[PDB]
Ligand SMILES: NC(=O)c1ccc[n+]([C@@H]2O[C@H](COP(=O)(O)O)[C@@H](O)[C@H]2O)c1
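There is one chain below, alone, in structure tokens, taken in the form solved without the ligand.
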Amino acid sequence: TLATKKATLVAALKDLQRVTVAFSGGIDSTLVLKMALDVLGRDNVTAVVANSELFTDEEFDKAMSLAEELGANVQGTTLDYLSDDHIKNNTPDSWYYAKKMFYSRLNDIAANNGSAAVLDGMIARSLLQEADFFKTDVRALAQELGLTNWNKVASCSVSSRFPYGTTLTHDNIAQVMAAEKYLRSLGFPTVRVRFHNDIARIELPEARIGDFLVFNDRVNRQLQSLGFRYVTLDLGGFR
């Protein structure tokens, strides 16, 4: 039951005393941040949201305000992922070196915040994963605390828009990021603009491709103005 699960989670959390919470802006890291605040108090919980070139400014700006709106002291930290050569040249193991850079910045922040642990929201300690929470359990408990505001747009690293071996630059990341922002504002929350130098290859859930037709010409000109020469739609669909 959920009452049994939350007792386990608070009990496990009650041991830690001082915590630093890696705050995504999603609901699971939202559950940990506000339940940690509930048991240890505002002054013993630090919410950290990472700002970097590989994720959107919107996801960062929404999560920063979402942590205060939960009542936490919140700290922005900026990671320079592109300064790791594995990330900069988009090797297939590059997810490893990026997560190595991220967890050491938060562990380094936890050392100077006098914290006993770094906490994350996976379904570093994932206490939500330890209490056997499902997406259903996190939904009942987050409403149960009156929580209504999370970033339900799950974002991935922009690295996945680039082929292995391609060098990421500030300019081509921005170009890909601006194209996906425009596509999202037309009503397509799940979208990918895959980068192939002068070709943009747009991935959409197949069930949306019919709805998309009315935007064909506007998307063509918009992504061309962002620097692509050819703007195309993958017939295979999203992933």
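Just count from 1 along the sequence shown to find any residue number.
What follows is about the form solved in complex with the ligand, which we do not show.
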Among 191 to 199, 64 to 72, 171 to 179, 37 to 45, the stretch whose residues bring a heavy atom within 4.5 Å of the ligand in the entry with it bound is 191 to 199
- Assess the spot marked by 95, 156 and 160: is the ligand within 4.5 Å of a heavy atom from every one of these residues in the entry with it bound? yes
Mark residue 164 yes when one of its heavy atoms lies within 4.5 Å of a heavy atom of the ligand in the entry with it bound, and no otherwise. yes
Looking in the entry with it bound, the residues of 59 to 88 with a heavy atom no more than 4.5 Å from the ligand, listed in order, are none
